[PDB]
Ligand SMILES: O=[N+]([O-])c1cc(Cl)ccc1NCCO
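Presented as structure tokens, the chain that follows is alone, the form solved without the ligand.
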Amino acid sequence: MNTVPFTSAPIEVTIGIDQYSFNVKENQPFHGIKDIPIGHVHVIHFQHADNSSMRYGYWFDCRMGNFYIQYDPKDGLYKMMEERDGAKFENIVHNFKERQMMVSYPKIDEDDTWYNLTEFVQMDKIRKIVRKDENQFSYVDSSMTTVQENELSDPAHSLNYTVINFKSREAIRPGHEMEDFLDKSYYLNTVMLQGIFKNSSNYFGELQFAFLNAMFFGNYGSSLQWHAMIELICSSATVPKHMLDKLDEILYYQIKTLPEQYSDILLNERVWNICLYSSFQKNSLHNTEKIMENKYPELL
């Protein structure tokens, strides 16, 4: 069980840790989050009480280092930092725990939600989407644009998701125009899976990361990428059976976790109706179709 200590909490902020969140008051004696499960990536995220603009946060894996949070009054945000002095860190944490100044990662034993949302998400792949090689953790916020968005502007602050474009030479074989546009299997299986991602686990990892950035930061570009990766599978006639079954589980838990009230900003009517009711895979996503129909029947 790992710990992310906080130096202090000088400004009032809502703090998220994965799918949980809690409010900290200005100058409240808060010194971090303990009992964080080992084995998963995690995200610790922030919304200031005085400017709900810019949700921001940090993806990290406690196996990769000892990380802590410290507010910067010049840049005006809570920053993640790495402590290289292991004994300093253990001594800081042990003292904060002794004084019970930490919140406990509040995992229910029955509850596999976070595993089910991050099953294929790896820190090493996050660090290639979010490029800042001097840190082991990755910063994301509400406003960051994707490489694809920039093509249609600071490249160092971009989300380098894999570009997917259904009307592109990459997607469409010369001489198979109609075939490749109406059945995207060659783009999915040969171009993306064999060529770019190498395997379906990496594809699902990026899909899951894009969803989580959409949900936790309201990142529009991330939302676009999530839907594009869903649509590419659903619009393929030939998809490995294990991938369709896993996709159904992935989407089921994403839809389950989404706030009931954000379905108008985080769900695209066209994509979901096409995927569940018109696409090649309209009959292959039973769990997702069932939860969508019972939770968001308006969208459909």
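Just count from 1 along the sequence shown to find any residue number.
The same protein also exists as the form deposited with the ligand bound; that form is not shown, yet it is the one meant from here on.
K.L.:
Determine the site state, open or blocked: transfer the ligand from its pose in the deposited complex by superposing the nearby C-alphas, then count ligand atoms within 2.4 Å of any backbone or C-beta atom, with 3 or more meaning blocked.
P.N.:
If you fit the ligand onto this chain using the C-alphas around its site, the pocket comes out open.
K.L.:
Answer with yes or no whether residue 70 is in contact with the ligand in the deposited complex, where contact means some heavy atom within 4.5 Å.
P.N.:
Close contact exists here: in the deposited complex, residue 70 approaches the ligand to within 4.5 Å, heavy atoms only.
K.L.:
Consider residue 83 of the chain shown here, and say whether it contacts the ligand in the deposited complex, taking contact as heavy atoms within 4.5 Å.
P.N.:
Result yes; residue 83 sits at the interface with the ligand in the deposited complex.
K.L.:
Taking 4.5 angstroms as the cut-off for heavy atoms, does residue 92 touch the ligand in the deposited complex?
P.N.:
Contact with the ligand, yes.
K.L.:
Scan 1-40 and write down, in order along the chain, each residue with a heavy atom lying within 4.5 Å of the ligand in the deposited complex.
P.N.:
Residues within 4.5 Å: 5, 6, 7.
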